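Neighbour counts are summed over all protein chains in view; Cβ atoms, including those assigned to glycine, are modelled from backbone coordinates with ideal geometry. Taken together, the values in this text are just the output of simple stated rules run on the coordinates, not laboratory data.
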Ligand SMILES: N[C@@H](CCC(=O)N[C@@H](CS)C(=O)NCC(=O)O)C(=O)O
Ligand SMILES: N[C@@H](CCC(=O)N[C@@H](CS)C(=O)NCC(=O)O)C(=O)O
Ligand SMILES: [Cl-]
Ligand SMILES: [Cl-]
């Protein structure tokens, strides 16, 4: 109740939801729609009208990268979400959060109606194929990294893994080819076997 | 002991500006669209993109990660972490993420990212769309800057360096920044900054 996470089921807010559960923090979910996000109540809270938003008392934090880092910062060290807690450890988490946040996530724009302005069905389809080809390349990079690493950063689970997992769920909704990416596949299954991930998916109605 | 891999005027200029503000000792390593795809740099960064910050044998690559690392190593007296609280770091992070994940990728069609469309009219529509979406994002920044001189905690941070760098691209690609007086004043404050000027000059920019 002191902390409220504004979510849309299956959206990027799911990464923050997963991390909150891994941190062991007490929090309250506030459910939003593509309609309720654009309503004046949430626009007063976040003018951008986009999820996630994390309310800590009267303070409203908005970027996934900022929220994930904030949850990491407040989590007790025993939860192991900051690695050894050094500058290098935080930098490793940050680089992999930025990979999902600024390389992976925006490549999904064409796959979530971002290219509707093209009007031409063939052009819209080409933009989607391009997004899938570029995403395939990015996921091959993540898979190559996961072949020799347990987790993305510092060999320990972090907000970086929660974010990568959420993008993989989108890949599995928009037709991104993840075949022959065995390390990435094992990572996805490890995540889905996790009680914190399962609790989050269930609470959001993705079961 | 630190080496920053740059391309003149690229997103790496934000890290360059912050390194000057931090007072840190650093070397610049200049790259091309060709030298970045060369095997020597691909061994350091397989993504074949700038920035990259080398600290000894360690190579750090994401802009957001580099900006936060520079902030973390800067002496407290430099005032790049605000009051230094979790809320202060979160305010810096939200504004870094705004330029990193909202502004920066909207420039993709404006920098040849929609060439696959082939048809010139469709490529032009993708550029017009990128410009329209960017004016909306810059209106948001302008609305925030109407009541704040700096993006986070009323004190200069890596967030300010990043927003300024994209505003340089806006001017080069035809993004409409008219009637955005607070963002215009921000751009002017930045260009008058000695650390910014020192960075622009070292990069051979104007
Ligand atoms: N850079 C922002 C992006 C925010 C964003 O893309 N939010 C999406 C959720 S994935 C959203 O609200 N989409 C639907 C809408 O705006 O109606 C962040 O990572 O928090
Ligand atoms: N998410 C990455 C994006 C990296 C990136 O976009 N780098 C650009 C510089 S603006 C680049 O190297 N562009 C041209 C190229 O790859 O040839 C970050 O912020 O560091
Ligand atoms: Cl990376
Ligand atoms: Cl923001």
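Figures for the structure shown
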quantity	calculated
Contact order normalised by residue count of chain B, Cα under 8 Å, 6+ apart, percent	25
Inter-chain Cβ neighbour average for residues A:65-75, partner chain, 10 Å	5
Added length on full extension, which subtracts the Cα-Cα distance from 0.36 nm per residue, residue A:172 to residue A:44	42.7 nm
Span per principal axis, largest first, for the Cα atoms of chain B (Å)	51, 48, 31
Cα convex hull of segment A:87-140 - mean projected area over all directions, nm²	4.0
Coarse-grained scattering of segment B:153-206 at q = 0.16, 0.18 Å⁻¹, given as base-10 log I(q)/I(0) from a Debye sum over alpha-carbon atoms	-0.50, -0.63
For segment A:121-150 and segment A:61-114, distance of Cα centres in Å	20
Relative packing of peptides B:61-70, A:42-51 - highest average C-beta neighbours within 10 Å first	B:61-70, A:42-51
Nearest-0.05 FRET efficiency for residue A:189 and residue B:143, computed from C-beta distance (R0 60 Å)	0.85
Relative contact order computed over segment A:146-207 (Cα-Cα under 8 Å; 6+ residues apart), in percent	24
Segment A:82-194: relative contact order in percent, alpha carbon pairs under 8 Å with at least 6 residues between	34
Distance between modelled label sites at residue B:28 and residue B:73, nm, 7 Å Cα→Cβ extension	1.7
As computed over segment B:81-193, the Cα convex hull volume per residue (Å³)	91
Scaled radius of gyration (Cα, divided by 2.2 N^0.38 Å) that the protein assembly as shown gives	0.94
Shielding by other protein chains, A:125-135, mean Cβ within 10 Å	2
Exposure proxy ranking, count of Cβ atoms within 10 Å, fewest first, for B:57, B:102, A:28, A:143	B:57, A:28, A:143, B:102
Peptide B:57-64, shielding by other chains (average Cβ, 10 Å cutoff)	5
Most to least packed among B:11-20, B:105-114 [average Cβ atoms within 10 Å]	B:11-20, B:105-114
Cut-off 14 Å, label 7 Å out along Cα→Cβ of residue B:119, residues of segment A:96-120 by amide N	A:116-120
